[PDB]
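All Cβ positions, even for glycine, are placed from backbone atoms using ideal geometry, and neighbour counts span all protein chains on display. Nothing in this text is a laboratory measurement; each read-out follows from the coordinates by a stated rule.
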Amino acid sequence: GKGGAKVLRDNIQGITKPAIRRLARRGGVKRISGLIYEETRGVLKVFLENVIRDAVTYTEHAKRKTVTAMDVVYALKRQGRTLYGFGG
Amino acid sequence: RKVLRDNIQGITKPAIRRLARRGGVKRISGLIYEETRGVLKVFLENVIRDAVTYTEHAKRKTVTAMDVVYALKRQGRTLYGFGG
Amino acid sequence: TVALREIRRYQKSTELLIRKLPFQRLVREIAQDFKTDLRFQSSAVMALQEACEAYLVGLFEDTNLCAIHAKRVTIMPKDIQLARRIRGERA
Amino acid sequence: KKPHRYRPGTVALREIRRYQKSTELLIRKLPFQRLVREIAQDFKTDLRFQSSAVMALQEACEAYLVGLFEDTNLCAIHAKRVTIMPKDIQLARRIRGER
Amino acid sequence: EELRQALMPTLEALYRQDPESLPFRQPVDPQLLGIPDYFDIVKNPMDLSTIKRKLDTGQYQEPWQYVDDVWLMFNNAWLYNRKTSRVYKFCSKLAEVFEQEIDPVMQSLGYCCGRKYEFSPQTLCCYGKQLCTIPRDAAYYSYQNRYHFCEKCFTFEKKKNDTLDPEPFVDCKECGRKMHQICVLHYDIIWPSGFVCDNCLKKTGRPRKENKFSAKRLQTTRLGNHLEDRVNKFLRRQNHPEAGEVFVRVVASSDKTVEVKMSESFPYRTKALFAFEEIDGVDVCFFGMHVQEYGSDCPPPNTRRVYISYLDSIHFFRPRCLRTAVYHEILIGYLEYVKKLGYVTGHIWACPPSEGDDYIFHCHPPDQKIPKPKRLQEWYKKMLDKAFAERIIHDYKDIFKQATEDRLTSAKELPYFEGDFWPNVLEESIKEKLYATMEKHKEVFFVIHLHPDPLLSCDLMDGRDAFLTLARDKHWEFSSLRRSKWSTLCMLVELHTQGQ
Amino acid sequence: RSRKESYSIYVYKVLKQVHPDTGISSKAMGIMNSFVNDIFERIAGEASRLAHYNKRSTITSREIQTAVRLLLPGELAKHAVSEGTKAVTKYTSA
Amino acid sequence: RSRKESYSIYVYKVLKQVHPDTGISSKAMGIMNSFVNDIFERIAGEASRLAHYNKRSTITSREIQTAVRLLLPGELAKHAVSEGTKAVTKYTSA
Amino acid sequence: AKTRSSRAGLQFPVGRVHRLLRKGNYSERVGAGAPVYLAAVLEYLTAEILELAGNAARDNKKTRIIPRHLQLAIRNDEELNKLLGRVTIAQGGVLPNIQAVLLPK
Amino acid sequence: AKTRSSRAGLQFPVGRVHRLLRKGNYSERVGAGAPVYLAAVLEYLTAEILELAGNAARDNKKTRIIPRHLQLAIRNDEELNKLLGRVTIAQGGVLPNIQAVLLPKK
DNA sequence: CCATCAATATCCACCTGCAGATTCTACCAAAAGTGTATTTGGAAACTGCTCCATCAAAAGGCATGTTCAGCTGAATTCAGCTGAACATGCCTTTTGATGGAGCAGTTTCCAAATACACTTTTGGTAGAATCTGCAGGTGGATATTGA
DNA sequence: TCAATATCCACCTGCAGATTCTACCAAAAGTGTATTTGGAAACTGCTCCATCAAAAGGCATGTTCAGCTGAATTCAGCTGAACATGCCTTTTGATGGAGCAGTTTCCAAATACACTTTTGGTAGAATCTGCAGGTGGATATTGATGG
């Protein structure tokens, strides 16, 4: 045992290659180059850089230690990517 | 008030060529000019119509630069130097 | 050679590139199509002209990038169409 | 000897049709959650996340990736090509104004 | 200073793991971690900091003590922590790091390797009942670590089956260094003059004496010669640089009879063969399988029939890509040989092994996959298709399709083989729908239509049971490449010196 | 257990008005609520900007009509303008 | 004539502080005014929206600092936050 | 006696729209007919989108409106697509569209 | 007799900014340090853009800031370009930028 | 491949005159700051409470790794040809001056929207019971593909 | 034409989610006075916008041809389709507790005036000047002649 409670890594490579393949297939991509994955992961990290920063700032102002879905959707709508279904 | 028509031809071929050169374009095909005129007409439909509606909302009969600036801003085309 | 010459010349300068009278006539015609008996200010006409020049410059630079993306230096209608579609102006 | 094999592309089109006809999430939940938590820690430590927030991030990221891949496919088609390369991604992002 | 400077890099590599090494950087504190039962299970608690203190103090006379201490810490961490716990994964990662780091430095010191190897938890057998085994984590009674009895047989020191047997060690006659016997591949019978280190022989000039107990020097047979020739031809046409010479030898061949549980008894000839490959300059056994052959004099329906009773293989063949092709080549060569001899029908029982059960080679590697029945059927179908491509196999079907094509109506027409599942099914039916059983196991059994070796007396290999018993008793495991090499050397020595 | 504001009942009544025999899932219901809230925010913001442009401190039906004309597409804008005019006339005559 | 306020004097003083020997044209001053008005509108809108988000009817320096961090990227945001905090501390110290 | 929504003949809550406008800090004062107009516009848009979603569900052989039907209805209408061009959906998917060059032969 | 703008050590008008915030109907109440923070941020941004315009003018041997120099200066700064990515300045032009492909390919 | 007579757009060395930016005096309604009583949005203090993290285990849907080749991406020629560069002609675009259509400044006051005290209605919603559309597995007729 | 294979579709069954009541209860909605103020309407001075005169800096056509481009060709190799292997994510179930938010108390801060203080376009007067061309070089620079 010796448990009861819980490194800053294993984040960018967490997105699997078949996940990127499925995302491309949903977008109508028929042929995928073998080296698309790394820059796709980089662009994804850029998007998270843009979104989670605003979400974290909103949470910090609210004197809260937990990020809520309202903050996430609100950062999404302030960035021009308004999302529906998480406004409850 | 004379009814103006066929004023889209006022955007001359050298004007479109110069605009392409300003954008770094080196070669222009023969049919680019008409498409560019159509795109400009679409942009005018998007902007001037909003400006006209803004002017009508203010009960005014003259279009002002402030209405144009607000219409451009609401369409994500904010412009400086004309107020607002 | 020469084409690059006027490219550099127009990139250096900032003067208005579309003639004033034809643009004013086109704006008057399209507004009359929207609504007749509509007076125009000179500042409003200048604002329309400058906004249109900026939009056309942006469209042209995006079109050139699309054209060189297809290993070409001459822009095609597909370049403008796809640039506008990616910009969200079409789809 | 002679194994049955579809011509390349057919199964790709089948997968495209299947993923377009369905709306389920494609990215695995746990690695995406780990990435989100790591980025949040890069911002500020001790920041908890709700399950609804993680689902919202996943949905938004999947939608953005789908749109980017559609633009990338259009850019690849523009050059008489059917394969996606980084130049298409860069062109699409530059036109979108993100770069 | 020499020992400290030699052993510091591996210990530092163990420390630098993050966060694998974090729980092991300090002594385990039951009070701090809330684990009062830690001392009840681990009787010798110690950690990496203790290792560093001993190295700095020079408490190690020779590095094998350090290796034993590190592996004891690994074993204690594995035992106390559950397999799903993160501490178990951290300990496993540290063990892998130690294994890949100690070997170069430990060799540069002048030894074989820096690993403390413990044998697999082998299940003990019984002397009285002769058919009872002691499962793991079960109490038993042992006498002199040589005789074993279970709980039921009691109605002798009491022990538990959760212990491990350490690997043997050898000491150099001249240098005096201690090293693993398996890693150096030294046997007393092969070299009666003792064990001499490689460096010591380098100071002598004369290399190690040639081993006469090799697979190449085994007695040759026409079937084995044909199989080895086919395998060598396939390897040559592939021309794989990593591929080595393969020797196929028949080490056991005799005549037996099967008794019905219709002729009272059916005579047959049994033969056993193995495949050995040259890896790293030594022979490694990678394939073995048993056949039963009924000739023209056998009463029907077994007349002119070959049956594959057991089939085993080792996944250490090099290259791995050609392993399946080599197995196919061996089996197709056997089928061609039996077809040339005049046999008509062949039978294959494609039944995957159960977990913990060994057909021929004891202690299969943990990473060796036990194929599912569907995968085994697909493999056999691919092999039969390949054989058919070479106009060798006339046809191949399943037992149910063959039976319904032959319009069989009586159980006496069914083939009878030793230890075969179908005689057991028939006996169960008699004691207590045959076509239903045939259809249920339709894909399991394969029936193949195809259209002078002297008897070798070998009591050791006369059946898989004695071979497995000797392998279990002598700890001849196949869980690793070095263990497989040691097992192959030992079996070759046993066959050469204990032949009849 | 704070009072959570929503347009659930009214949107369900509208659905019954258009599709009496068709239901709506909770996820789609939240989609509709979020969409209506977003449109409300857009119209209110545009009306506020219109009021600020003319130095007006009060927002009337004309401001919202102009906001709808600016935001909604042509046919949708015309239909919404007609519906709003009918609603205002009915409320005045009530 | 109705007075039309502008940041002309303040922008001119800032320019003189930064570049004493550099002048400014009327078009450049108009661009200055448009830019400062747009920045003020954006930051005020962000602050108002954020105050609405947390059910807060009062906008303080914390809301504006958060909105500055949201809007300005990186170094601009850090310097703006530092100078705003310094100015607030100076104001509250008197 | 009669609610403002019932008086104006609209299902959407007029008084609630007025309250939200007042609390939204949009303007110092709000006109009487402004909540009525806004509620009418919102109800018209909701009715149109719900009708389109029901038509899509009928075309999809389903009697319950799902986000897939909603997104199909939104994208199948050019005006609705233009209005919601910057709106992300949850569990909505994309239109079936295969590029001409990707098509065989 | 000390103004709030001078009290906070800022050149931008604190009172004018506070009055504009009140007039914009952004919120019911505005904090006291809110106009001060607004003035500080606006003054910082104005000083940054003005110094960039001055550097651009100096690079072109000019003593008066023109919209061209300002547009070039802000487009040069990646942070300023991101801030004003959807902003057009009249009479500002574009950055001189020619692709290597557009150059002669001798 | 390239060293270089010769026609050409333009950086700079320059400078002068003018529209534009800068300097000074005055005025005053528009803000701006200070003073005081009032109201309140929000800080702290404690706690009830809901979902956030963490731990355990099986196992099957894919993540991972390997192989063959179909054909896709990439490189090379070349010829029909669309456009670039340029001389020629002329005319349309640009600038300035001049009547009045509406843009704003002033005053009344009336329909219109706050402020607020109740009263009644009405939307979440605690909680249990019955209805119901499609999640999921089965089976076989039906396109779809490749040789 | 045919065999291998994914698809459509009808059908049957278990269940979390959508739908129907019972009773509640606080949050608004509406109604009836009192007050105030946004602005419709009438009248009117002041812009500046449309219209028209001439002067000029360009635009519209046709010609010639070096070069952009798309069809045709060929081929190295890239990833798609198939298959073996096995990995680890999901769901189910539970739990210690960090953390969210309701409730109460109460205070520094925001607010509504009133008065006094400063003050920034604003209008007119007069001074200063940055640079837009233009004139005389003149300088890379590139198409072209030729070594």
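Overview of results
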{"item": "Nearest-first distances (nm) between copies at F:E41, label 7 Å from Cα via Cβ", "result": "1.9"}
{"item": "Charged-residue dipole, Cβ positions (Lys, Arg, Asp, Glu), chain F about Cα centre, Debye nearest 20", "result": "280 debye"}
{"item": "H:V30 long-range amide H proximity, modeled H, under 5 Å", "result": "F:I59"}
{"item": "Local net charge near F:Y91, Cβ-Cβ under 14 Å (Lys/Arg +1, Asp/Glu -1)", "result": "+3"}
{"item": "Footprinting exposure proxy for H:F12, E:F98 (fewest neighbouring C-beta atoms within 10 Å first)", "result": "E:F98, H:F12"}
{"item": "Positive minus negative residues near H:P35 (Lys, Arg vs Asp, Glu; Cβ under 9 Å)", "result": "+3"}
{"item": "Positive dipole terminus of chain A, leading residue within A:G80, A:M70, A:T16 (C-beta point charges)", "result": "A:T16"}
{"item": "Calculated from backbone phi, Karplus (6.51, -1.76, 1.60) coupling profile of region I:77-92 in Hz, x at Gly/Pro", "result": "6, 5, 5, 5, 5, 5, 5, 10, x, 10, 10, 10, 9, 5, 6, x"}
{"item": "Whichever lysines have a C-alpha closer than 24 Å to that of B:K13, once near sequence neighbours (fewer than 8 apart) are set aside", "result": "B:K26, B:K41, C:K12, C:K20, C:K78"}
{"item": "In nm, spacing of pseudo-spin labels at E:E439 and C:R85 (7 Å Cα→C-beta vector)", "result": "5.7 nm"}
{"item": "Built amide H within the under 5 Å cut-off of I:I65, gap 5+", "result": "G:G23, G:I24, G:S25"}
{"item": "Model label zone, H:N55; criterion: amide N under 14 Å from point 7 Å along Cα-to-beta-carbon; scope region F:72-94", "result": "F:76"}
{"item": "Net charge dipole size for chain E [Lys, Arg +1 and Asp, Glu -1 on Cβ; Debye, nearest 20]", "result": "740 debye"}
{"item": "Chain F, relative contact order in percent, only Cα pairs under 8 angstrom and at least six apart counted", "result": "17 percent"}
{"item": "Distance in nm between pseudo-label sites at I:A32 and E:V425 (7 Å out along the Cβ direction from Cα)", "result": "9.6 nm"}
{"item": "Residue (of C:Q41, E:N81, E:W476) at the positive-pole extreme of the protein assembly as shown, dipole from beta-carbon charges", "result": "C:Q41"}
{"item": "Exceeding the 32 Å Cα-Cα cut-off - candidates F:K4/G:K90; A:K30/E:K386; E:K374/E:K433; E:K340/E:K401; B:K73/D:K21", "result": "F:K4/G:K90; A:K30/E:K386; B:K73/D:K21"}
{"item": "Karplus 3J(HN,Hα) series, Hz, for region E:332-347 with 6.51 cos²θ - 1.76 cosθ + 1.60 (x for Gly, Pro)", "result": "5, x, 4, 4, 5, 5, 6, 5, 5, 5, x, 5, 9, 10, x, 10"}
{"item": "Angle between chain G longest axis and helix G:8-18 axis [Cα atoms, degrees, rounded to 10]", "result": "80 degrees"}
{"item": "Rounded to whole Hz, the Karplus (6.51, -1.76, 1.60) HN-Hα couplings of region G:66-78, x for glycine and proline", "result": "4, 5, 5, 4, 5, 7, 5, x, x, 4, 4, 5, 5"}
{"item": "Neighbour-limited loop hits for trypsin sites (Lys or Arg not before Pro), region A:16-88 (at most 13 other Cβ within 10 Å; DSSP other than H, G, I, E, B)", "result": "A:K63, A:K65"}
{"item": "With at most 13 other Cβ atoms within 10 Å, longest stretch of chain G clear of loop trypsin sites (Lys or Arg not before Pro) (DSSP)", "result": "G:5-54"}
{"item": "Length-normalised contact order for chain H - Cα pairs under 8 Å, 6+ apart - percent", "result": "17 percent"}
{"item": "Charge sum, other residues only, whose C-beta stays under 10 Å from E:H315's C-beta, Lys/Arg counted +1 and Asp/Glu -1", "result": "+2"}
{"item": "Pairwise FRET efficiency - B:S29 versus D:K44, Cβ, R0 = 51 Å, nearest 0.05", "result": "0.40"}
{"item": "Sequence-distant residues sharing a close amide H with E:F274 (under 5 Å, placed H)", "result": "E:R249, E:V251"}
{"item": "Of F:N54, F:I43, F:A87, farthest towards positive along the dipole that unit charges on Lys, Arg, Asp, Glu beta carbons give region F:20-94", "result": "F:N54"}
{"item": "Size of charge dipole - region D:1-83 - debye, nearest 20, with Cβ of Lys, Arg +1 and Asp, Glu -1, no other charges", "result": "840 debye"}
{"item": "Of the DSSP H helices in chain D, those whose Cα atoms cover at least 20 Å axially and whose Kyte score averages 0.5 or more", "result": "D:51-78"}
{"item": "Inter-label distance, nm, simple model (7 Å from Cα along the C-beta direction), E:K43/A:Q79", "result": "6.0 nm"}
{"item": "Order of G:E5, H:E79 - criterion: other Cβ atoms within 10 Å of each residue's Cβ, fewest first", "result": "G:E5, H:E79"}
{"item": "Footprinting exposure proxy for E:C200, E:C458 (fewest neighbouring C-beta atoms within 10 Å first)", "result": "E:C200, E:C458"}
{"item": "Fraction of antiparallel bridges per DSSP, the protein assembly as shown only, in percent to nearest 5", "result": "70 percent"}
